[PDB]
Each structure stands twice: as structure tokens, then as C-alpha cells.
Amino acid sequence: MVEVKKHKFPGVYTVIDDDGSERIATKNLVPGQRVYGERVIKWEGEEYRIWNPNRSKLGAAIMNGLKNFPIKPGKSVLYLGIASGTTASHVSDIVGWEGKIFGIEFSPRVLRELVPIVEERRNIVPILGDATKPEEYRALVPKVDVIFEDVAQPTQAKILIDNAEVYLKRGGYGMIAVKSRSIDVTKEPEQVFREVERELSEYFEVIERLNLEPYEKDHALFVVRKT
């Protein structure tokens, strides 16, 4: 029998059937999409979408035992790098209609190609912008509860801090997925992560740091709070 139970984190579920067990999922905000290749489980009249850790760094973090997950129902999220993977759809499922997600990408082409994935998920607002210059989209993005960032750039920690200074509420959280080689290919990943932690700690309280292996190689997710 198929059993869908509530995960520790609200909006997240643990699906345990006969074959696909030890798998997490979110409740589809827009059931009936019938998107080519969708992996959905119908349970008690509702659709649950399998969260693929190979296609979502947040899914990987949760499966790796993430303890702090600030993205919850009703929260507002500034999402830098919204087009990568399947993460946006799951964050949309979790936040629900009472919340909102402002997604930033620098390429108009990337945003245009993102249309078919978010067109029905009206709680996602795609916005063109350069994440290194947060001030440029201040008229569109409000103060938010959480900033989630997946930007493989050398200055990604500074990007988080600068965006937090403009948009993050006091007490709000930041979540950043860091690819060590996007910062320094000449240093050991653990050293890069330690340096990133030092940089973030000057502005935030660093709450948690978790490696994403085996789903990603030399990537770590940091959860921080704007004290």
C-alpha cells in the first residue's frame, strides 16, 4: 500500500510505498498538470510530486538530514537562480498560495524558457535581474522572509549579503548552495567552505552547513539567519 506521511518540515512529505520508499515529496499546488515525465503519486484525492535529489539541491539537502528549513507555507522567498533544476516547483508547492516567490535570472532567454514550468504557479514571480546589483529590482521585490540562492559565481557569498541588506527582514533566513569550484579550483573544497562560512558569519549567524554528496560533488548548503 502507498503511504504518505507528513515530514518534519511543513509542506514536505515522506512517501513510502513498495518500491519508491525513502523518498520525499511535496503536495502539488496545481494538480492535473500532466506534464510529460511527471512523477506524481495520487493519494486520498491529492497529488504528491516526488522530490528528485539529483535535480534539486534542496531536495538533496533534506535527504542528507538538513535540520533547519526556513521555507514554509505562507513565507515570502527571494530566489536567486530560480531556473536551475526542479527546485522552484517544490518551493512553490511548499509556500502555497498565501506565500510568494520572487525568482531572479539575468538572461531573458532563460526566463522565457522557464514560462512553461511556472505559468500556472502564480505564486512565482519571474524577474529579470543581476543578483550582484540587488538595488535594481527594489520596486518589484518586497522585504522577504527567506532568500534562497543557487548562483555559481565567485562572489556568491557577497551576493547573499548584499541581497539580504536590501530585502531580508530582521530574523529572516538565507539558504545558499555553494559549488566550491565556482569560487576556487586551487583550494580544497573544505577550505573554501570554511572561508565562505567566515565571510557569511560577519553578517549572519551561520545556523547549519551540510555537504550535498552523493547528489552533488563538492557542494555545500549553508543556512544562515539575519540576527
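Residue indices: 1-based, along the sequence shown.
Here 29 to 37 and 165 to 173 are compared by their mean Cα B-factor, and 29 to 37 comes out higher. Comparing 218 to 226 with 4 to 12, the higher mean C-alpha B-factor in the PDB entry belongs to 4 to 12. Looking only at 146, 151, 110, 127, the residue with the top Cα B factor in the deposited structure is 110.
For the set 53, 189, 70, 45, the PDB entry assigns the largest Cα B-factor to 45.
Per-chain ranking of the deposited C-alpha B factor places residue 117 in the highest third.
Annotation for residue 24: C-alpha temperature factor in the highest third relative to the rest of the modelled chain, per the entry. Among all modelled residues in its chain, residue 103 ranks in the lowest third by Cα B-factor. Among the modelled residues of its chain, residue 78 has a C-alpha B-factor that falls in the lowest third, as given in the PDB entry. Looking at the C-alpha B-factors along this chain, the one for residue 91 belongs to the lowest third.
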